[PDB]
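One-letter residues, chain by chain:
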Number of protein chains: 12
Amino acid sequence: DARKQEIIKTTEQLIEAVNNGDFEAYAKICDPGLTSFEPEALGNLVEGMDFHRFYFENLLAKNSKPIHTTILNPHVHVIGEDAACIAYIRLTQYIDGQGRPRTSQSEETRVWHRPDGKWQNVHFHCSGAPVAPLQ
Amino acid sequence: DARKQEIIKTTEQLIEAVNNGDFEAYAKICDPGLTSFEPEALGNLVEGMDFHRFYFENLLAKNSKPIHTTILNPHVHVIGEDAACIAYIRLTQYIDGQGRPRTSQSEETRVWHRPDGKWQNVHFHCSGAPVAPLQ
Amino acid sequence: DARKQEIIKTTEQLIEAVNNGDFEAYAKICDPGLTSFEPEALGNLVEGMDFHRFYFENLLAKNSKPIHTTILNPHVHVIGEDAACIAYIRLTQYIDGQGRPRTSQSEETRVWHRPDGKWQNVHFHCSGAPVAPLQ
Amino acid sequence: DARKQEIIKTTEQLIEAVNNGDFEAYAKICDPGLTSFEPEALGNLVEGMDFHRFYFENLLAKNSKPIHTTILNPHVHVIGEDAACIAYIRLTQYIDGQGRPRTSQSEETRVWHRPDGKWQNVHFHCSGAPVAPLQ
Amino acid sequence: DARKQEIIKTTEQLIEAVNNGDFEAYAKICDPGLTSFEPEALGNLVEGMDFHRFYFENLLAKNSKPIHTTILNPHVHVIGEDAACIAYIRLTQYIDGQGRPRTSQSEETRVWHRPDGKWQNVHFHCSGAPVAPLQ
Amino acid sequence: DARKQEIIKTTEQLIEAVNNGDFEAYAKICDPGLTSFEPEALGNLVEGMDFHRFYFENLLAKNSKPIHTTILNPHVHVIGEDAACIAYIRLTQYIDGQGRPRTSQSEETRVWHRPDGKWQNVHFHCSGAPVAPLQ
Amino acid sequence: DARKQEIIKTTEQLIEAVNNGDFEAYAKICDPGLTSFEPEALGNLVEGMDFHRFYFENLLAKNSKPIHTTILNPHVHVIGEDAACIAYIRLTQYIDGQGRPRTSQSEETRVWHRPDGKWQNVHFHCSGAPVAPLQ
Amino acid sequence: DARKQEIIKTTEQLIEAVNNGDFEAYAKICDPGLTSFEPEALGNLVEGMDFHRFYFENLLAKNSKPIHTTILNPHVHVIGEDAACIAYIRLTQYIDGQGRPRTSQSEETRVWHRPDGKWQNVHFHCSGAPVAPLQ
Amino acid sequence: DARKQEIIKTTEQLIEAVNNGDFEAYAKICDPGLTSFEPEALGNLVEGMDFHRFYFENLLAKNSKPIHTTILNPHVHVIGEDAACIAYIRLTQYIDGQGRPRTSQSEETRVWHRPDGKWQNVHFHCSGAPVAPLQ
Amino acid sequence: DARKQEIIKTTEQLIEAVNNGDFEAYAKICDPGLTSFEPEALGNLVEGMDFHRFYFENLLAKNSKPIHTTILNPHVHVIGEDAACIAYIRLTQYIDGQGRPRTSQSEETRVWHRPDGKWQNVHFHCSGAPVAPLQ
Amino acid sequence: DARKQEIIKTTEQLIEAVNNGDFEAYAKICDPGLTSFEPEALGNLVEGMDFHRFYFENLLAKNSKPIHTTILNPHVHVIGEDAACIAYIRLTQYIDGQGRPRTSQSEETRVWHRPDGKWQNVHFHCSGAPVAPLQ
Amino acid sequence: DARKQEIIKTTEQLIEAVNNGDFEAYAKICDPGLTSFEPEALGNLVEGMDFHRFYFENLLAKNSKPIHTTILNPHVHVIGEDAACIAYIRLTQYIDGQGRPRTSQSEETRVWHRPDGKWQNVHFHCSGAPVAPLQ
């Protein structure tokens, strides 16, 4: 359970670096060849950092309204000593463009490798609501 | 490229065992603790074989109409010697309940481990069209 | 955990007596003053057995098609020695009126009392899909 | 009828502490392990206080417009001396974001335990309109 | 409570004479100048028996499928010794044109007079679902 | 026709006391145990004055725009000397939230008793448009 | 009232000649230069018999199912000794293409002249449901 | 053709008195017992001046924007020397609530009598767009 | 008026040759370079006979059900001695694919030239319903 | 081709006089008995100048925003020496009520005569988008 | 114009080989590395013959109903002596799944190369209606 | 691969000249007889520069908000030494009319010729989202 709690802790560091808009910390968690599927990419497989960079510069660095996030039913597969995978449900509570509280759901998969003693993310898949909020 | 072609070959064996309705071969490719996200599970994370078993018994063992499948733009991450991940776009051509040809798209992620010298699947995530066909 | 497994076992006996259409076993699990909220009652609070009796006589005793049910994330509150409450997510896999497999979800609460040494159900609440199937 | 009037009185204290935005009184009525089903949680079972805390901080502490609430057809099950359950219909009259009066309906179940001589809430289930108002 | 139970009993005789298709008994319960509002009359006030006669001749005398009816929360006003009024919610369980069980709701008011020692109906108002079933 | 004109006159006094917002005159026309069905109550049977009080305090005491009302095809049943019933179509002409004239229709039933020499209202049923105007 | 009852009687002869499919009697009631507005003419003013002839030949001579018609609130203007006008609401009860009873409403104006001692129809206007039934 | 041109001229005087908002001239053209069918009356037959008075006071006396009206294909029936009927298509060109030109269509019937040497209107029927404009 | 009646007569010969399915007579009325706009051509300008030929071969030669056509408000421009233009509204009464009478409207323009002593059609424009019927 | 270029040139003079709002030049191109079909006339045949005059006075004399027009695939029929007909597709590029560029399509027919040595327009037919722009 | 007529002729040979279902002639016109965009491929770029092969085997070899095709406004770019490009509008007239004639439109681009003395197709792009017909 | 990288480089120069609003550089890349299919042209084939000029003058020269563009899966056909064709998927990230980031997809084909030693564009085809952004 010690190695599973380590993957959980490192995944929580990713999620709070994203919602802080901290792109310089996000870039240290991600591999340069990272690939992803997500609702914003319209069914295409994205590669590298530059597609995601646009949302840090146009939302996450600029926003100020309160947000709360719940992680439900996490499951971890540990795949030897170099590799791991985590899957969870995410609920986000947020304030819309006219002051009403709202909720949305996503389903997320993250794939982790340990090159050079540090855990880094190599592939990501998301379903459900967009991460760009529906305000 | 040799190890990447091996993951491609093993992923093609999974896809043809599914569309043949060969549940006894499917059960040798999958780990007993396998987890999944897919459109049929309504946003929930499924564990084990028994949710999928229902579709082999009520479609895949019984169907006879022609189907064709195209795999587009595959990408493989090889994660040491025990682990790998593959991501691809899938297009399926099928005949509906009244003889008309149709097309649908999915986006798929599969996570592979090599316990006891044999590659086996430990997590799967699907977006887009259901695998239960829209006939 | 022994008393929690007992409530789980007794709740599984209720669910299989319903999907067998066994109204004479259902009547031994329920209290005569049982109350319920469910989608079929259109927002009203029902009392007694006679509202439910209609669905045993017009579906559950007559149906023959295959059904599978998954219970997800159960939680039990044990409230002294006489009382308990259980909450769970239910997924049902079923065949429609033209041979296609389908899925639906409900959320369920059940309240249990132990009069005369036997566990019996006194209140029930359901949300999501109707239990009368969407075939 | 004396013990039933006591559960009614305590349920009315909960409802007025919520619509006053009095989170410090709400926290004394609820057990720390409380679970719930409600429309805002999107079909998931919530545990603990922190999901509900967001609506006290972003609505109930800040609102000033007039509200009226009617409780219809309450039913109480008393389950020995430590335990009780209550079920009722709730109608709420409220003013929208442009000054028009509106109405909405919910159906609610609440499960009560008496640890250490004080009644506290251990499970809650809601159907119908959200508690976050449709202004 | 004796006179209220008499109005309840006489109202149950009306409802079962209607669902039996017994127009010759219905004609003995109704005053010749009876007026009504109901969904089938498109917002108009009907007078006399001949508008209702059409539904006995084209449904109620001819139907054979099982029907169940629940009366909820009845209230009676007794207005001296010659007059009374009753108000109730009606739920009807029925089988559709393809064998599926269904539910519908109406709200009903009935006004009763005692000319010549016999109770007879002088005005009726219905809201909600039509009495002609939605099969 | 003299007693019928008296019920008509008293019903017109009710309608103008409501559209003046005169809740202290409305309370002298109504019995303390009065019951009603209306579109604002969402299919439920309301009892007493406090549900209606909210619309006097949040509209009828505060409004200033011109309104005109037409009563069509009234019918009266006189039920001995203590009791009467009246039924009519109501058309209301009103100005919306942006200065355009509009029309709406309701169908209404009212039940009258004469305790202590004064006519008072004991039950009411409404269908069609809400009495809260669609501005 | 004698001359008004004569216009009513002659208008009832027209309506029953139409629903019998008796085009040879209809042609004796109508002036050769008769004009009309009705839903079937798509906003145009029709002149003469030949537009209406098509509905006698393709429905009214061929139909066999039961129909009932109610005339509501008739008003007559008598305009000297040669001329009259009548206006009424019409409700029609009919059976659809699969055996269910249905209702529809129209509003109708008819203009009458007495050339050569016989009343004949010179202009007609209809609003609401089409006369061609919605089976 | 002289008597037909007289009815045309008098009908044009009505139409321009209405669009000027000249209710004191309108009241001299209409009979005190005039009846009408029109889209604003929701399927009911109106009698007298007071329903129409509301639109003079809340639009026609207050408006200032340009309007143009075309009368198409008029037909006149002259019914002895005391009575006449006219039927026509009306097209209205108008400016909406945000400055765009718009068009709408009605179909109209008007019935005229000559009491005391002066032509006056006794019945009116309208179909298509409301006369209260769709701005 | 003699030359206008000649264009009317020749236009009626075209319309009855079309609804008879008489393509060999249609080909004698049309110029070889004829152009047209119509709903079936999806906004394109068609040239020559071969686009129209398909509807003679697949409907007009094969149909048997009764059809009636009304021509409304025709207008003719005569343009010297060689040339003419006609414009009219067309109403068609027809029986649908399940035996119900239906109506549809078109607006039509036709341009006529007299080469070699015989009138022939050189351009046609249609708006409204398709001539291929909505059965 | 010289006479065809003359009709093209004169048709371009009409189109630019319209979009300049130059009603005094438009009136010299049109014959006083001109007829038209267009979307703004709701399926009716218009005659003379006064229907079109309203759009010069309420838009074309007042507008200032940039517009561009493309004429596609023109075809000309020359019908002796006094008469001609032209048909074309028209695309219009325009700025909406909030500054965004938009496109729309019409199909147009125009009929030309040469009385007194000057070409003038006698009939016009339009389909597709209205000439009043959809800003 | 000789080389342009050659590209037109070769493009007509492709279109008739497709609608004959002649896959062995289609394979001689296409380059082995051919790429395409079309509505059936859901926004993806297809490569090679095997995606198209499915529609020959499941429609074009099996169909028997009459089809007609019009090519509108073709444009050819000739790019030295080895290469050419053609663009056209295509209208297809066809019979649906219940015997009614229908029309649909596509816009098509085709790119041609002359390796080894024979013209062959290297890229294709289609917009508008699918080539799999909407029967 | 050198000649393919040259076509890629020249295609990237076109795309950045367009999103800079640099119409004087765009005019040096395009042939004077260039043809195109695109969503803005409503299914028509455009020729020359003047249709596109309108979007430079009314958007691209005036806009200031941030935009990002991704080119996916490019494919090049090189057709001797004078000619080439390129096909790709384009994703655009942009800010809407109220500050929210958005995504859209197009599929694009471009045909290139080398007259006088300089590459120039002769035909273009686009599917999917309009190039005028959906803000």
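Residues numbered from 1 in each chain as written, not as in the entry; some residues may be left out. Chains lettered and ligands numbered in written order. Heavy atoms only, no water.

- As stated in the entry header, the method of structure determination is cryo-EM and the reported resolution is 2.6 Å.

### Let's talk about helix α1 (residues 2-19) of chain A
Residue and element names in this part refer to chain A.
- The first and last C-alpha atoms of α1 sit 26 Å apart over 18 residues, in line with the 26 Å expected at 1.5 Å per residue.
- For α1, the set of buried residues is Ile7, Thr10, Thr11, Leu14, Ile15, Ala17 and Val18. For α1, the arc enclosing every buried residue in end-on projection is 165 degrees, short of the 170-degree limit, so these residues lie on one face.
- In this structure, the buried residues of α1 make contact with α2 (23-29), α3 (50-60), β3 (67-78), β4 (83-95) and β5 (101-113).
- Positive backbone phi, at 75 degrees, marks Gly21, one or two positions downstream of α1. (Helix = DSSP H or I, 4+ residues; strand = E, 2+ residues; numbered from the N terminus. Expected span 1.5 Å × (residues − 1). Buried < 20%, exposed > 50% of the residue type's maximum accessible area, 1.4 Å probe, protein only. Arc of directions from axis to C-beta. Contact = heavy atoms within 4.5 Å.)

### Describing the sheet that holds strand β1 (residues 30-37) of chain L
Residues and elements named next belong to chain L.
- With mixed pairing, the six strands of this open sheet are ordered in space as β2-β1-β6-β5-β4-β3. Either end of the sheet is taken by a strand with one partner, and the two such strands are β2 (46-47) and β3 (67-78).
- Pairing between strand β4 (residues 83-95) and strand β5 (residues 101-113): 13 bridges, direction antiparallel. When the sheet's bridge partners are listed, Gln93 is paired in β5 with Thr103. (Pairing = 2+ DSSP bridges.)

### Thoughts on the pattern of salt bridges
- Inspection of the entire model under this criterion finds 48 salt bridges over all chains.
- A salt bridge links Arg90(K) to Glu108(K); the nearest nitrogen and oxygen atoms lie 2.8 Å apart. Here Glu108(K) lies in strand β5 (residues 101-113) and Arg90(K) lies in strand β4 (residues 83-95), a separation of 18 residues in the sequence. Accessibility assignment for this pair places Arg90(K) and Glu108(K) in one class, buried.
- A salt bridge links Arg110(L) to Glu108(L), with the nearest nitrogen and oxygen atoms 2.8 Å apart. Note on accessibility: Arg110(L) and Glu108(L) belong to one class, buried.
- Connected through shared salt-bridge partners, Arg90(A), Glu108(A) and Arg110(A) make up one network. (Salt bridge = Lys/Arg side-chain N within 4 Å of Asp/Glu carboxyl O.)

### Digging into the environment of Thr11(D)
Residue and element names in this part refer to chain D.
- In this fold, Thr11 is placed in helix α1 (residues 2-19).
- For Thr11, a relative accessible area of 3% translates into the label buried.
- Between the alpha carbons of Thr11 and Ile86 there is a distance of 8.5 Å; along the sequence they are 75 residues apart.
- Among residues more than four places away in sequence, those in contact with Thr11 are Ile86, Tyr88, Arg110 and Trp112.

### Some details on unusual backbone geometry
All names here are of chain C.
- The phi torsion at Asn73 lies on the positive side, around 50 degrees, for a residue other than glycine.
- Relative to the assigned elements, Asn73 resides in strand β3 (residues 67-78).
- Given a relative accessible area of 44%, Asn73 falls into the partly exposed group.

### Things to note about the environment of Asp50(I)
Residue and element names in this part refer to chain I.
- Along the polypeptide, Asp50 turns up in helix α3 (residues 50-60).
- Its relative accessible area of 43% is what places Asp50 among the partly exposed residues.
- Among the polar contacts listed, one links the side chain of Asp50 to the side chain of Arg53, at a separation of 2.7 Å. (Polar contact = N/O pair within 3.5 Å; in protein donor to acceptor, adjacent residues only side chain to side chain.)

### Quick word on the interface of chain B and chain A
- Counting residues at the interface gives 26 residues for chain B and 27 residues for chain A.
- Surface buried jointly by chain B and chain A totals about 2100 Å² across both partners, of which 69% is contributed by carbon and sulfur atoms.
- By the criterion of area lost to chain A, the three top residues of chain B are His77(B), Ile79(B) and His125(B), representing 24% of everything that side buries.
- Applying the counting rule to chain B against chain A returns zero salt bridges.
- There are 11 residue pairs in polar contact connecting chain B and chain A.
- Secondary-structure elements contributing two or more residues to the side of chain B that touches chain A are β1 (30-37), β3 (67-78), β4 (83-95), β5 (101-113) and β6 (120-128) of chain B. (Buried area = accessible area lost by both parts, 1.4 Å probe.)

### Here's the deal with the state of the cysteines
- With the rule as written, the count across this model stands at zero disulfides over all chains.
- Note on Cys85(F): no disulfide assigned, nearest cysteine sulfur contributed by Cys85(E) at a separation of 7.3 Å. (Disulfide = S-S within 2.5 Å.)

### Quick word on the sheet that holds strand β4 (residues 83-95) of chain F
Residues and elements named next belong to chain F.
- On the basis of which strands lie adjacent, the open sheet formed by six strands has the order β2-β1-β6-β5-β4-β3 and mixed pairing. Every other strand in the sheet has two partners, leaving β2 (46-47) and β3 (67-78) as the edge strands with one partner each.
- Set on the sheet, helix α1 (residues 2-19) makes contact with β3, β4, β5 (101-113) and β6 (120-128); between it and β4 the angle comes to about 40 degrees. (Axes fitted to C-alpha atoms, helices over the stretch in contact; angles between N-to-C directions.)

### Focus on the relation of the copies chain B and chain A
- The two copies are related by a screw motion: chain B maps onto chain A through a turn of 180 degrees and a shift of 0.0 Å along the axis, at an RMSD of 0.0 Å. Here the transformation between the copies is reduced to the relation of a two-fold axis. Looking at the rotation axis and the C-alpha trace of chain B, the residue lying nearest is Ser127(B), at 3.2 Å. (Least-squares fit on C-alpha atoms.)

### Quick word on a negative patch on the surface
- Taken together, the side chains of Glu81(A), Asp82(A), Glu81(B) and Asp82(B) present a region of like negative charge at the surface.
- Mapping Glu81(B) onto the fold places it in the loop between β3 and β4. (Patch = residues over 30% accessible without salt bridge, like charges linked within 9 Å, V, L, I, M, F, W, Y side chains within 5 Å. Areas by Shrake-Rupley, 256 points an atom, 1.4 Å probe, with all protein chains shown as cover. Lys, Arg positive; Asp, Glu negative; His and termini not counted. Charge placed at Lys NZ, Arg CZ, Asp CG, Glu CD.)

### A short note on the packing of aromatic side chains
- Inspection of every chain in the model, using the stated rule, returns 60 aromatic pairs over all chains.
- Taking 5.9 Å as the distance between ring centres and 90 degrees as the angle between the ring planes, the aromatic pair formed by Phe54(C) and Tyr55(C) counts as edge-to-face.
- Its relative accessible area of 6% is what places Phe54(C) among the buried residues.
- Here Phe23(L) and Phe56(L) contribute two aromatic rings whose centre-to-centre distance is 5.1 Å and whose plane-to-plane angle is 65 degrees, an arrangement assigned as edge-to-face. On the criterion of sequence distance, the pair formed by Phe23(L) in helix α2 (residues 23-29) and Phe56(L) in helix α3 (residues 50-60) is long-range, its members being 33 residues apart. (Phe/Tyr/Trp six-rings, centres within 6.5 Å; stacked < 30°, edge-to-face > 60°.)

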